[PDB]
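**Student:** Before I ask anything, here's the sequence and the deposited coordinates:
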Amino acid sequence: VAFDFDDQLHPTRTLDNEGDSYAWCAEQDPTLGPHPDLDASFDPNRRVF
Amino acid sequence: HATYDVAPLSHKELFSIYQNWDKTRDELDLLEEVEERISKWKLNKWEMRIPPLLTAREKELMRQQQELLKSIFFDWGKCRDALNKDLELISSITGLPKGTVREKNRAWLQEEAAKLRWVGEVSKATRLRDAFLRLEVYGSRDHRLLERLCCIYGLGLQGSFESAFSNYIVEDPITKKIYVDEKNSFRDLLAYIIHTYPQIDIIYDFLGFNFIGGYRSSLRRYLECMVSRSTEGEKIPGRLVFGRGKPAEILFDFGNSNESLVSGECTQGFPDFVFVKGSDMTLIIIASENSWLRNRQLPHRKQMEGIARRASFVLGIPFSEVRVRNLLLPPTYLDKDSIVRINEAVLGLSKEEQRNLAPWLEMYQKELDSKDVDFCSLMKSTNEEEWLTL
Amino acid sequence: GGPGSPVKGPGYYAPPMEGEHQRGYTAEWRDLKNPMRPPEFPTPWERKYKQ
Amino acid sequence: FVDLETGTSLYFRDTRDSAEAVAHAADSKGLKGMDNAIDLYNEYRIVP
Amino acid sequence: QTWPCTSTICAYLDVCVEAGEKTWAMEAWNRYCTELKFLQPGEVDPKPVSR
Amino acid sequence: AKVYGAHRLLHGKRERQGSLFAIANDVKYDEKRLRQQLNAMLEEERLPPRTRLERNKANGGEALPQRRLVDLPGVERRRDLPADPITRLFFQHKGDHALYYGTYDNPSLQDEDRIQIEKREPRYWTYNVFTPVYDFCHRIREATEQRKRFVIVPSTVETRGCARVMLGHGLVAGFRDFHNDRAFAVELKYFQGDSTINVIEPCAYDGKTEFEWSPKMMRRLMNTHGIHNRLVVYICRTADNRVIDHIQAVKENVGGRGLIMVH
Amino acid sequence: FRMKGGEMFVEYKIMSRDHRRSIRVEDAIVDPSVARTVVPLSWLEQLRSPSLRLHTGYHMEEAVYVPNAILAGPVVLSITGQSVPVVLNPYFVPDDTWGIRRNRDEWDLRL
Amino acid sequence: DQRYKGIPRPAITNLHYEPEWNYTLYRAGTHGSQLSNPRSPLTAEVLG
Amino acid sequence: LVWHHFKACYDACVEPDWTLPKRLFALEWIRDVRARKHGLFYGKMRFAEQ
Amino acid sequence: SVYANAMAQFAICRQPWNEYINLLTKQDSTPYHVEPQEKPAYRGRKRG
Amino acid sequence: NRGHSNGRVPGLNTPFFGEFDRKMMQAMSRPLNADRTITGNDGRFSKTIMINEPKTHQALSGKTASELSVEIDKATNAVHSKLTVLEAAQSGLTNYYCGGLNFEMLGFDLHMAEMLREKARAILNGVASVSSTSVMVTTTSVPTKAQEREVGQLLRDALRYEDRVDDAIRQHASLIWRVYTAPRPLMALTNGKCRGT
Amino acid sequence: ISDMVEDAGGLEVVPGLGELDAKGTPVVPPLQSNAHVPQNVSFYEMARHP
Amino acid sequence: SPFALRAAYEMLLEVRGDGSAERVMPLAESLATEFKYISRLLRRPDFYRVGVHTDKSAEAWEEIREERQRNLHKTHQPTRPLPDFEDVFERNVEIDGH
């Protein structure tokens, strides 16, 4: 719940299929890579073992 | 004073009571003789005016309507005092009497103002300018005539302020003499109003003075009139008011937008009055007060097509020429613009038929309040937010 | 004189709907003056105190 | 700072538009006020 | 700011009588004992206590 | 001499032998008019410019009480505060969804991507009863002790009250209310390696003990042995349901519930 | 302060002791021969600026003759050249017996 | 709506909404102190 | 500047105006006056008392 | 828009900056790449 | 059902316009305006002024430009302002830095001014009964005072909407000039298109 | 500007300033400026050498 | 718009002057010129009757067409004017080949 400076905070869980998370930067520069702050399966109720 | 045997009348009761037949009943003279009296009143004269012979329900709505009228009369009283200050300045600066003050042109204004500048009181010239300039707005003797007549009609609907204008010892002008009066100017003026505007009880709601249950029932009893006295005739099977001369000329008292709005089930479509005049359907919906609810009154295109095609079957009117529309009406009252666009756009009424049916629409000048203009502009929510907005 | 005093009350009337919202104007509407036009009566107010 | 030359151009950023700097449209030639050097001795002491 | 009931207006009016000043009584008349109307033939005489 | 800017005793008029009543009444009248004129001069001397900077800024009234102009469908609606949707703590939830927002105690279902703070409600008699004001102060204390940057801090009216005044007092690089019914984020400010919030304490380690501050109590903090000291900022929630520092609380002589001390 | 013929003409600004209401005099004469300033009575109200220290306008207000005038004070004169204010109790003569209007708009006021 | 539930308007409220109505009947010094202030013209003309 | 006016008046052999320090540091002058009136001391206020 | 056909023929899209940057020449380039090994992580005040 | 919980998010549901913000430099932004058309983000020696107005494509209204002309120089007059990064906080909803005047608003106000001029001349016999030309729409003297009394109101409100357009234009000119004559460094980090002004 | 006018003594409304007379001239002669470049205010002939 | 074209060209000429950097209009008087032009060109119904509504999106226009065709209070002497797609736009024009 508290984030450091140079440490990247949580990634935004994209929609399920995650085909359009790069198609919705079609407006953006053509060659953009996957966004590092995006995730298909980021669940913060994921209980680690 | 609200002594026993005295109870809040109705409009029929008021017509039967305050009906004496004289014709030298000048609207703007009886009204000014009533309003100056209510300006010389003092705040205890509003004290004993709730007839004690009522349940707890009606007594508080009585105090409610009463402090409404009382605020309204004090507004008019301060307006009229600032007005008599304006007339006094114009008269004291020019010499002309206040009587002839209320009709001088902007032409006379410029002429007299140049006169004033010639001898050197330009500050006084501008004082007269602004006095006259806003007196041109409010100095018309029938300035808010219809809502003065309506608040007086509410007063006379109380049964309490019936004697309070009379019997006052009064002093005379320079022939300094004391004498009781008897002229119940309220009796005269209310008789004149009841006898002149037999639809005054509908203008009352329309002007919003009927805060409890605002102008809806008045709108229905006005639509039924403007349809029955326009089309040859339109019966009362319950709430349906449709003709016999065989157009599809219906006015349908569908229901209550707001009671439906805030009642158990949430929908989006609920017209007040469905007016069908051949190929054209019109759903009149009285806007609500929850700006969070005015967003779910206008029916959706699914509804506006589902009424179109259901009507084209049942009403038999051909499909290509079926044009379902909406008409939103201001939430608590009705501005003259909305009465214009009820009659003209919705009903088939031309000026010589209106001026014959609703002869007071000429005096109506109620407009939209600034807090109220935005009732029609609804908030647009996309189709991915059906879970957030209303 | 602070908050513990008896209250001072509204130096006006507290009305409902059609009081000062564009209906008309009270006596507090003709005496108020726009800055451009001069005062009625002349005073030799200082510039420094004016500002 | 005075040694490392970088940034001494900003004191003459005003010559971006030649015509504008000659015209002297706005007095605000200064990096921090009206002049490049206004109160170099006091005003900078404002900082703790 | 109290409402002199019929008894109280009568009282003060006696006082005006004895002191011999009509003005003193004209205002009690103008203010309070105006909405006092005689018992018209149809209406009940001592309308009951209500509140 | 050409001048720019340009009597009852002198006319020596024979003073009217006013009756003892036409003397006493005018004595009382001049006395009362002088009293109220002195009160008016004291009112114009003790006038705060918060109110003096408007008497001659609101002169723009035309003489006519003119109609108010209708404008576009909406320009008077409050914008939302910008917040990037993809690199984010919570989406800055819109205002239109104002019927979607629940409460701190009972929150809605928003920001599924993110954890949710929990409440702080004890169990027995023997425990102190914490409160959002306590937990916000110790969230912030632990984060400034861990050199974090953003804290996700509980959201009650006087928690973000404390935050808006701390931010006004510079103890915090910023805050944000995402309208998240439960949380909101406080971005902390640092200096020379050490936190700017040197210490931050709750007025009460308990909730069951509300500490109303007398205006004199709050005036004896800004008075360190004769030196006026607005250094340590104290947040107190007045009677008007406002949350203000002790400095504006004693500039208007009202005291409020004690919320936090900080410096 | 100037002389045109030796006689000195000072520029000053007479001010209510609170410097609220003020009235300037471009070139007034300086006669070191009358031990009191004689300003027209019209300013007794222009410079009556009722403050708190002085409840009424002035502090001293006495019907004097030279009775022509109202000797009133204290009024804060301020001469252009000098930096020290000069506080006076001027005679306030009326403009009737003593029409101090010498020429077109001039005044015949002396320090 | 509670504004008029319960009880009516205590009608001295008009004593605020109306100033001409509230007065103090007998003046200030009548109860014998008219000559307290030595220098009021009240005393000056009473004594002489 | 105040030391300068003093050197100058001395050299013209005219009386100095000992109100020049006051007229140059008026802000500081009134701030000392109110500092005294507030914290009842005499002399001049030092930055430790601000 | 509604009627963009005229100048929309030669639209000037955005350039591939992400690609340009990723394909710049790096002072740390390696013939065969290897993911660096893990750094020491502070295990507590007991463990440093 | 239900799609995304926040409804319409600009990266997952609808297209993301503008720049990405992998910091929170716009999320932790303080409203310098009562309508929140501006938001602020100050460090210690810097000040970042982010126009927050994507619902109208950053097209500044007259009022917003009057507020911005003052927040820009309120920051470029502060003492701990070394640089003022002025920019647009496009929350993913626009690619615009600062659109022009809200020409929609200017059209609205102008059309209403002309609608009132027309409801006014739809009463009058003798708008042009005068001989000189400096005379403008209002105080068109009539020998009728049931028509003077109504047309004067309409013509005054016409003058008022025309002023509400005049003012948007003057506000925006003065805000360009606010930026131009700003004393301190005003780095207008132009991140996206920017129409006329 | 509204307060520059106030401290400027309000607008003096003089009738017919820029209004022209039949023969094309204006009534109420305009206000005329007396400004130029000062031709004897080089500061050097002032604070000269001693 | 054609009069827009000619206006904007004479605008450029006025802002430019002779063209030399000693008379290309500064910011002050450049913006004074621009104010004169856009001001005298808003008062033309070219703009606010037709030229405003062109920049609505092709979905905004439909959001308006549904309102204009279904809501009365938005059409008949409405509290605020709603533009007519056929007033603004003229289908299938032809000018010298285009």
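**Tutor:** Happy to help now that I have it. Residues are numbered from 1 along each chain as shown, chains lettered A, B, ... in the order given.

**Student:** From here on, just use CA atoms for contacts and neighbour counts.
**Tutor:** OK.

**Student:** center of chain C, which residue is that?
**Tutor:** Closest to where the C-alpha atoms of chain C average out (CA atoms, centre = their mean) is residue C:28, at 6.2 Å.

**Student:** separation between that one and chain K?
**Tutor:** Using CA to the nearest CA, to the nearest Å, we find residue C:28 at a distance of 22 Å from chain K.

**Student:** Give the buried residues for stretch F:93-109.
**Tutor:** Neighbour-count burial for stretch F:93-109 flags F:93, F:94, F:95, F:96, F:97, F:100, F:101, F:102, F:104 (criterion: 16 or more other CA atoms under 10 Å in any protein chain shown).

**Student:** need the contact list for residue 37.
**Tutor:** All of this refers to chain A. A:9, A:10, A:11, A:12, F:86, F:87, K:22 (CA atoms under 8 Å, 6 or more residues apart in numbering or on different chains).

**Student:** please go with chain M instead
**Tutor:** Residues near residue M:37 by CA under 8 Å, 6+ apart: M:7, M:11.

**Student:** ok, now how distant is it from chain G?
**Tutor:** Counting by CA to the nearest CA, the gap from residue M:37 to chain G is 48 Å.

**Student:** helix/strand/coil for that residue?
**Tutor:** With DSSP: H, G, I helix; E, B strand; the rest coil as the basis, residue M:37 sits in helix.

**Student:** The residue nearest to the centre of chain C looks like it's in a helix, true?
**Tutor:** Yes. Counting by three-state DSSP, residue C:28 falls inside a helix.

**Student:** how near is it to residue L:10?
**Tutor:** 21 Å (CA to CA, to the nearest Å).

**Student:** Helix or strand: which one has the residue of chain C found nearest chain I?
**Tutor:** Residue of chain C nearest chain I, by CA to the nearest CA: residue C:48 (17.5 Å). Following DSSP states H and E, one finds residue C:48 within helix C:47-50.

**Student:** Just the CA atoms of that helix, as PDB, please.
**Tutor:** Provided in PDB are the C-alpha atoms of helix C:47-50 (Å, rounded to 0.1, in the frame of the first residue of the first chain):
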ATOM      1  CA  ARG C  47      -4.900  59.000  -2.800                       C
ATOM      2  CA  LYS C  48      -2.900  56.900  -0.300                       C
ATOM      3  CA  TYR C  49      -5.800  56.300   1.900                       C
ATOM      4  CA  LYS C  50      -8.000  55.600  -1.100                       C
END
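
**Student:** in it, what counts as buried?
**Tutor:** Buried, per 16+ other CA under 10 Å, within helix C:47-50: nothing.

**Student:** Indicate whether that helix makes contact with chain G.
**Tutor:** Yes. Using CA under 8 Å from any CA of the partner chain, helix C:47-50 comes into contact with chain G via residue C:49.

**Student:** Check what contacts that helix and list those residues.
**Tutor:** Against helix C:47-50 from outside (CA under 8 Å, 6+ apart): G:19, G:20, L:7.

**Student:** repeat that with 10 Å
**Tutor:** Under the criterion CA atoms under 10 Å, 6 or more residues apart in numbering or on different chains, residues G:18, G:19, G:20, G:21, G:22, L:3, L:6, L:7, L:8 lie in contact with helix C:47-50.
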